[PDB]
Each structure stands twice: as C-alpha cells, then as structure tokens.
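Have a look at the structure below, then the notes.
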Amino acid sequence: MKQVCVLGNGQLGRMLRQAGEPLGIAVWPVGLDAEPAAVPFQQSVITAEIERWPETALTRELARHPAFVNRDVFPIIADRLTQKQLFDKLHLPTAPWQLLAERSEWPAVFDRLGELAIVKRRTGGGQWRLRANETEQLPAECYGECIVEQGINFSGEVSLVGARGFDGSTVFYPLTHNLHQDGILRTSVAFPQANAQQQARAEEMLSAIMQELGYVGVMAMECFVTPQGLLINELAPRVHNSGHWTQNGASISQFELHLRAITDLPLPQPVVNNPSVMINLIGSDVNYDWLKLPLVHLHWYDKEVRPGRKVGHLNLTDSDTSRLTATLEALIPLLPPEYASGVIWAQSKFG
Amino acid sequence: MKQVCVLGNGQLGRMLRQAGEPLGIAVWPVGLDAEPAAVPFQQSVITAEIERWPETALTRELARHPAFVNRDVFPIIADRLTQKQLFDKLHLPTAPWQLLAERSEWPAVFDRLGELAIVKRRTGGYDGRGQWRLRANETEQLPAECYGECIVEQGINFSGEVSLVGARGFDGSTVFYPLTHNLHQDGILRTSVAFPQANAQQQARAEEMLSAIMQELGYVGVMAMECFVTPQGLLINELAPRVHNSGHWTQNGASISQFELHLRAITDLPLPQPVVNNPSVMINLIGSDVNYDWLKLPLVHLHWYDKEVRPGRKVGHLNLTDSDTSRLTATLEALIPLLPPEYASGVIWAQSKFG
Ligand SMILES: Nc1ncnc2c1ncn2[C@@H]1O[C@H](COP(=O)(O)OP(=O)(O)O)[C@@H](O)[C@H]1O
Ligand SMILES: Nc1ncnc2c1ncn2[C@@H]1O[C@H](COP(=O)(O)OP(=O)(O)O)[C@@H](O)[C@H]1O
Ligand SMILES: [Mg+2]
Ligand SMILES: [Mg+2]
C-alpha cells in the first residue's frame, strides 16, 4: 500500500489523514512524544506538519531516514533569519530587515526602517510593533533571537498555495485573499480567476523558491500587496490555513496535493470553477445551526475548545454569488459578534 | 458527543464514517462478528448499512436497542414480498407480481405476466443475484427452494433506469437529489449520471412516490427508490432503506452528500435541500485493481474501498463532476484506455448522455 507518517498530531495531520483514506493512502499522524515503536515509520514516507521539533528518540531516528521528504529543507525555513536571507539570495521582494542583535543597533534600525518597526521571533513564532520610544518595551531575550522589519503599508494580503513534484513539475491554486486580526487568520476568499499579472508574478516567486530549495510537496507563500508590487512575507513548508478552502473549492485539495507529491502520484493542475470562502473558527463552540445553510461545509477539528484556539473552519463555495452572499449574511447571527467583521469583509469582495 | 454505530463493516459504513468525521460525529461501523462489548452501542444512535442480518450475539443486542433507528422498517423492506405489498397499499405503480408458492401456479403465472417471467428471491439478492428470467419451458430451471421464498414479476420493457435518493427527518421534512440515470450490466450497477436539472414532471412524480413511502413507514434517514422508465411512465422497482451506490456521486457532486445527509437525519441535525450545480458521473470499479494513473486527470475523484480485489467485487468508484461538459466528456474518453475493456461500454454510455 501507500503509507505516510506525519510528524505532528495537529489538525493538518488530521486533514491530511482524511484526504488520504479514500485514495488508499494510509496516513499516520504522530506526536513528538511518540515512541519509535508505535509508528510504522520504518515503512512509510515521512512528512511533517511542523517546522521544527525536539530531539526525541523518534525524531532522532527520523534523522537518518531515506524517506523523510524535505527533511533538510525545514531548518532553513524554520528560521526567519535564514528565510529572509533566502529571499535576498533570490532577489525576491521583501520588507527591509535586519537581525536585531545589539540595543546598540536601535538608532540605526529606526533609521533604516523608519517610523514603525515590526519584530518577530526567529523561531516558534511573536510580533511586536515598536516605535523609537517603545524601544525598551521589549525583552532582552530577542537579542540576536529576533529579526527586525520595516513597517509595510500594504493594500492587501495574499497567499499563494502550490506544489512541486519530485520531477520538478509545479501546480498552483489561484491567489487567496487573507484577513488577519490580532495576528490571526480570520477570513479567506478565493476567486477562480485571480489577477493575471499578480498571479503570474507570484507563481514566478514561489517556483524560484521551491526549485532553489529542491522542495517537494505543498508550500505556501504569504505576500503583501503594495503599490510597489508584491512582497514576500512568509513561507510555510506545508499545507496552509489559507488554503483550507480547497477542500471543497477545488478538484484536488491541498492535502490531497501534498500526499500525491510525496507519494509519487500524479500532480495535475487542480480545477477551480467557483469562489470560495473560508471562515476560521477561533475559540468558539460548535453551533450545528450553522448546518442549516446548505452551502456550509463544517470542518471541526475535534480539539478542546479554548480561547484564541483554532477549533475548526467553514467552507463556502457556490456558483451563485447571490446565494453565496446571502449565506454569509445569514451566518452573522449564528456566530459570535467578533466574527462579524471578517464575514462582512469577505462579503465586500463579492460586490 | 455525536456518536453513531453502523451495523456493518462494508464500504458504506466506511463512507459514512468518513463523512461524519469533519462534522464531529464519531461513527463505529461494526462487523457482524464483533463482540457487542466492543461497540460503543449503548451510548450511540444505531444505524445499518445492511437490510438484513444473521442472529449473532451482536445483532441480538443492537437490534433490540431502542436507539436503533428504523429498526422496524427494515423487516418490511428486506422482504421483497412485503415491499411489493407496500407499493400496492400505496397504489404505487410497479411491475405486476405474485408470490411463487407452488409449481402448479406456473400456468397461471404465464397467464397474467406473459412470456417472460422474472423470478426474484424474497430475501438476500444484492446484485441481480438470486434472480431468474424464465419462460414456459424453463420453469424447471428454477430451484425448488424458491417455492414460497420467491416472487414473480412481469418482464418490464423499459427505456431506462433511474434512482431517486432522498431523506426524511424526524420532523417529517424531506429532501431529494436530482434523479440519477443508472446503468446495470450483468445485474450490476456500473455507471450513474446525474443532471442538476432533471425532468421536472419525472422528478416531481418520483418525489411524490418516495415521500408517501417514507411517510407511510415513518422512515428517518436516507432511502433510495429504483425505478424503470416506461412508456406509461415510472414504475417502482426496488427500495433501499439506506445510502445507495447510485448516490455515490453526491460525495463530490452535491453540497450535502448522501452520507452526510443520513447522519444528519439520524442525529437530528439540520436537513436543508442539498445544492446541486452540475452533472456528475459515477463509475463503479468492479473486480479491478487500482490504477493511480486514473489520477492523471484533475477531475477524477477516486474512492478506494480498501477491500481485497476479487472478480465481481465492488472495490471503489470514480466521481467526476464539473461545470464544463466538454471537459467532462473529454475526461471520460481519456479514461477508456485507462480502464479494462469491460468498462468501455459504461463509459460511452455515460458519454452518450451529454451529447
Ligand atoms: N512588516 C510588516 N508590515 C506590516 N504588517 C506586517 C508586517 N509583518 C507582518 N505583518 C502583519 O502580521 C501578520 C502576521 O505576521 P507573520 O509573522 O508574517 O505571520 P504569523 O504570525 O502567522 O507567523 C501579517 O500577515 C500582517 O497582518
Ligand atoms: N421486471 C423486470 N423487468 C425488467 N428488468 C428487470 C425486472 N426486474 C429486474 N430487472 C433488471 O434487473 C436489475 C436488477 O434487479 P433488482 O432485483 O431490481 O436489483 P438487485 O439485484 O441489484 O438488488 C434491474 O436494475 C433491471 O436491469
Ligand atoms: Mg501571516
Ligand atoms: Mg437494484
């Protein structure tokens, strides 16, 4: 048979497993605490839903696996420094960055970057927006452990989701409009036909990247939409949240796409006929009333509900835009008030 | 939580389970062999993927549990006899029939029914199995074991076959999918095609018939009605008190799949009318191995049952759906060569419907 093991017990793994079953592919998602003896790792291909991991007996063994795809790619991506660096080596648009070592760097820093400064964690994610006077508002921890970027005034956020096969073939989904709030992805909108020039450009970028990396499987690229054009923000070496829509909006979902690649399967270009809307469910309980709207696709992760925690998502796709928008509106009252903003935002796209 | 136990380990149970997962509904498909203790039956809604079952300590337990939905409806449907009587009682159009009680009845039988005599087993006949097409000279060709255990219907000459899949909620509400065109070969379903917009009159008449049925039985869940298309109109062939192979296209071709729809019904979840925007085609994979090459075609949706491949056995299906019929048909072509010869007929047939 076809057998895969996924490093990580998360919802992504879950979704990957779900995607594989019908395909005859057996996915065994697995947590770091996992004993080597419980995983059939010795007989499968390995993938991961996580960028980095502790050194356990298992992870240790996976260190010498002739089948841990992209195993060595991770480390570069895992680190925001080397990542940013990667962009630089490729001559790909990105926000002016520096490593934040000394406090003895601040003056210049606020000099290079200007007014506002955005700081993030090199690893494990993680973002502080400081000004010339907030400078001591930050931990000393972040010294040579955090990066520093120019505050970017973008007009929109987009994400590019695609895959590269073992033969270098690549496929892409259309660009996805993303809405973050309090640094969390709240809402996504995907149009069957994105802006040609935008799409092309992004594809160029993502491809340069994946090939330079030698990357195999699905990877996502977060970008900013600027008057000066697109700028790469972040890279995710795995299926990404902003593509969850593909489960019901494309002929091949991302999870599927991933599996295909790593399992040496056909990687044709997925069909996308209609727009989709994804609603992230953050720290809310399941309201089966949502299921009254026929266009709604509930994806419940089955995790303990808790504040700020991603517990599921709602997938909405249809041919009728009216029907599509009416569903959204009807949703408002079925969701806690904090959801209203995103819903509306998405709604605004169909105007 | 939301927990469901399914009497039966088959592909249907599997698909129900898959369908439930993202909904937060745990489904436990149970093998007949299974020890009762081992099933979370006491704290779940019970359902079944089979019409009938042997007397096992397992079935004994389950069948007796007040949680078993439609438990009583089963016996009536499982027996072609009682099922036929039900159509009658409902005054629903169906092939003229009779119970084959005694040999000395043959003469009479041929009197009413005509030339061709289609004999069917009352119980246990899944894929045109225990069924005989006999003539006045062939009667001796039929097992004696059938006397009283089988019925006879008049050979029906139909333009085509269609199945209606729908559901009834605890609250009497009902939903339906568009009529599905079916192609049986060697008494086996090979292919189905659905159109977003079936024949209104035909669609409505079938629906009227399905409801009367479900209502009359107070059925709660997905049920499928097989009909023959004839000159006079539609005739009820068979009923399926459960998710049916002919509905497999709903998995990828409807906003709510028949699996999803069945779990919703039984757990008392909302049951709005599924949204169907395009046509779809389902291809049944019989006794054939998996060909991942099939996946070369972006519109193909593989459904592998993970069973042991055997001749005449249902190992999976291929769903194909799309707004662009040409793409659709061009896909179908592209598959012919990907499938073993026996498949070509179905395909072309399928193809034949878009033209
Ligand atoms: N340099 C920047 N200028 C403006 N906004 C930014 C900048 N960097 C990040 N953001 C904002 O922070 C969000 C999340 O930041 P990021 O660190 O890239 O992702 P994550 O928190 O998901 O790991 C962005 O998607 C955007 O709202
Ligand atoms: N009275 C009849 N006249 C003509 N064809 C019939 C008749 N009864 C059954 N058939 C044929 O046999 C097929 C399968 O038989 P059926 O008993 O209805 O289902 P199954 O054996 O699959 O449970 C039908 O789909 C049809 O092609
Ligand atoms: Mg982000
Ligand atoms: Mg039948």
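Please read every residue number as a count from 1 along the shown chain.
Method of determination (from the header): X-ray crystallography, 2.5 Å.
Backbone N, Cα and C define each Cβ position, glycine as well.
Here is what Swiss-Prot says about this protein:
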BINDING   B:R80, B:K120, B:125-131, B:153-156, B:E161, B:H184, B:237-238  ATP binding site
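Every protein chain considered, the tally of other Cβ atoms within 10 Å of the Cβ of B:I156 (ATP binding site) stands at 15. Proximity to chain A (Cβ-Cβ under 8 A) holds for none of the binding-site residues B:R80, B:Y126, B:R129, B:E153, B:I156, B:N237. It is B:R80 that, of the binding-site residues B:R80, B:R129, has its Cβ surrounded by the most other Cβ atoms within 10 Å. B:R129 (ATP binding site) carries neither a helix nor a strand DSSP state and counts as coil. The secondary structure of B:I156 (ATP binding site), as reduced to three states from DSSP, is coil rather than helix or strand. Counting every protein chain shown, the number of other Cβ atoms lying within 10 Å of the Cβ of B:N237 (ATP binding site) is 18.
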